[PDB]
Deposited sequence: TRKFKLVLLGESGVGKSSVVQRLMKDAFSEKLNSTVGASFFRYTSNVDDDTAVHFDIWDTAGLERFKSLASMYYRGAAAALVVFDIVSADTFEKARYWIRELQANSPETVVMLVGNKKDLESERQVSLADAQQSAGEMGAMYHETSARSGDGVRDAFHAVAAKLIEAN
């Protein structure tokens, strides 16, 4: 069964580890690595090997090597993490061109503390040829939706 490597990048504390834990928790209710199947439709299922990271050394090379997709998470309440995420996208686009990139707007549960416009963020992602999605890893809002999307894209 083909496994698609999917990696998590972004600043520390943006919620990478929590995003995936949430993914796994909700799926059971039917570095580190997590096996997860996104049922795209009733006909197609994508087998993801999700990787989650601890630092940035080069081990980075291995981390991203060969990845089919990547989620570059920022924190909606730290635009500092937003601008950092753009860096990560150029890293990938350059050294790992075949990888599908989705920029991920996490902590969406903090509506009122937000510092990064949703609009501004969708715009940058399109400008950079990346997908966008926002998620709340505590509510699990948008989490499954994000992985389903990337999987759609990779089928396509």
Checklist entry - What ranges of the deposited sequence, counted from 1, have no C-alpha atoms in this structure? => result 31-37, 65-67, 167-168
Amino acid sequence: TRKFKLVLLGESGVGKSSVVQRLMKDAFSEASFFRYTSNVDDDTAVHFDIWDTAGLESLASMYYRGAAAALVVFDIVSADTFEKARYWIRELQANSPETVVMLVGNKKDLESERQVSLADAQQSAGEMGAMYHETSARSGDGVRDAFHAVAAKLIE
From here on, numbers count along this sequence of modelled residues.
Checklist entry - Looking at the deposited entry, does 66-74 or 48-56 carry the larger mean Cα B-factor? => result 48-56
Next on the checklist: If you average the CA temperature factors as listed in the entry, which stretch comes out higher, 123-131 or 36-44?
Outcome noted: 36-44
Checklist outcome for this item: Binned into thirds over the chain's modelled residues, the C-alpha B-factor of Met24 lands in the highest
Item to check | Ranked against its chain, the third holding the CA B-factor of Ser112 | outcome: highest
Next on the checklist: Quick check for you: using the entry's CA B-factors within this chain, is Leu154 in the lowest, middle or highest third?
Outcome noted: middle
